[PDB]
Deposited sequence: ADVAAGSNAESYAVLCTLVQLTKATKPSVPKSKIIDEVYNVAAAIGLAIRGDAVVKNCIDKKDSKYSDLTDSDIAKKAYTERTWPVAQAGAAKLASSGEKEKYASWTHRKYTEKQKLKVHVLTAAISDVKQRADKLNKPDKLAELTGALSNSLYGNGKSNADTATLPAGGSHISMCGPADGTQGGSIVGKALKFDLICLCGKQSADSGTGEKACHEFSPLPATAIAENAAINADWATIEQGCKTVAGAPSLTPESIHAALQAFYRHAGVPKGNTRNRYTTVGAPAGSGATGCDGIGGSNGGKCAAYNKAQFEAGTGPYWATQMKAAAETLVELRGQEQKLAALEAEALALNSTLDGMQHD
């Protein structure tokens, strides 16, 4: 018999909070205008003191790449050529560097270049903070959570060949886990909310009063992307619009853990499972109501207890840690700005001696 309409609604809301987290507005990567501006000033000062010949040549060739008549090749390498290019751009714009464009000892020039090289190191370290790019890692963790690692919606359009509804969503063994469950939120929600082959208009509303109803029977090789579209679009109705924050992610995961973790079935023998086992649950998650099966999605008990499953919980935890790191990036940039400005002030004073 069809499972009852609304019988999986609580489970739907719990997983839908996690889905909605993948749709939430993302943060921006912190940036430091101060570090750029200090770097450009130090570049210009460091070039200015090398003499009219290197200055003229560097400006002449500022659009060129480092790759013998050019005197700039003796003062700069491919490594430091971006410095000269930045410095040439300022000195081809300035009267502000007039003090630097006076005369200095070889030693004075040495000490000045210690400071300009140090400022260039700050800029380099500022750039390394987001190598690799943490916004792209965030996006990838969230996409992985929905579809599986490295997968997209289009890659995950069909269920595997050769399994049954039970083997895929929840075996007779109440600790083993469905073969497609705990890999991706999309497949968990297909098991939880999808049409069972004998459903007749009611079981397709186990999770929600969907319109249109899920129409493709969950079975081997089933093409499920239209039903997934309908299922995932309802998540905002039942879980709203939580913010993309580490706070939200860990709150949603602990709710999921307790919701799946309470044992189910009329003998409390269906472990780490969402949805509603019917009767004892002993048949497994067959999608059918009225006997001992049920429309449910079962996780692997041992992975769940160890914190190694579901795989999307690990991706959601990585997303959370990336959000913490992006917050941290802003403070690390502030620290780098403190070093740059201290150096920039010391260098400013040296224009005298």
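Missing C-alpha runs, given along the deposited sequence, first residue counted as 1: Missing from the model are residues 68-70, 97-99, 108.
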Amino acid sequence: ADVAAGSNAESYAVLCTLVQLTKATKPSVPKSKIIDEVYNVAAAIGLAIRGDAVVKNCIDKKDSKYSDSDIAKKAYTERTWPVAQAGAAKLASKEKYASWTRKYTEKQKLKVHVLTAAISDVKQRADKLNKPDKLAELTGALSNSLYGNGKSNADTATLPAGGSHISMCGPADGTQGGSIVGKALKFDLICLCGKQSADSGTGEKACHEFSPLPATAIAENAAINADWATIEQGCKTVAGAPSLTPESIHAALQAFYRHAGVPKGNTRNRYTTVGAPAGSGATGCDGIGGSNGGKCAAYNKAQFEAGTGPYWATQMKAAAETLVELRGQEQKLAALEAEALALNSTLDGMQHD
From here on, numbers count along this sequence of modelled residues.
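Between the two ranges 326-334 and 21-29, the one averaging a larger CA B factor in the entry: Mean C-alpha B-factor is greater for 326-334.
Mean temperature factor over C-alpha atoms, higher-scoring stretch between 311-319 and 37-45: Here the higher of the two C-alpha B-factor means belongs to 37-45.
Maximum C-alpha temperature factor, selected from 256, 104, 228, 210: The record points to 104.
Among 181, 138, 75, 172 - the residue whose C-alpha B-factor is largest in the record: Comparing C-alpha B-factors across 181, 138, 75, 172, the top value belongs to 75.
Residue 272 by Cα B-factor - lowest, middle or highest third of the modelled chain: It falls in the bottom third of the chain.
Where the record places residue 93 (Cα B-factor, split into thirds across the chain): Residue 93: CA B-factor falls in the highest third of its chain.
Relative C-alpha B-factor of residue 188, binned into the chain's lowest, middle or highest third: Tercile = lowest for this residue's CA B-factor.
Third assignment of residue 87 from its chain's C-alpha B-factors: Tercile = highest for this residue's CA B-factor.
CA B-factor placement of residue 250, once the chain's modelled residues are sorted into thirds: Lowest third, going by the recorded CA B-factors of the chain.
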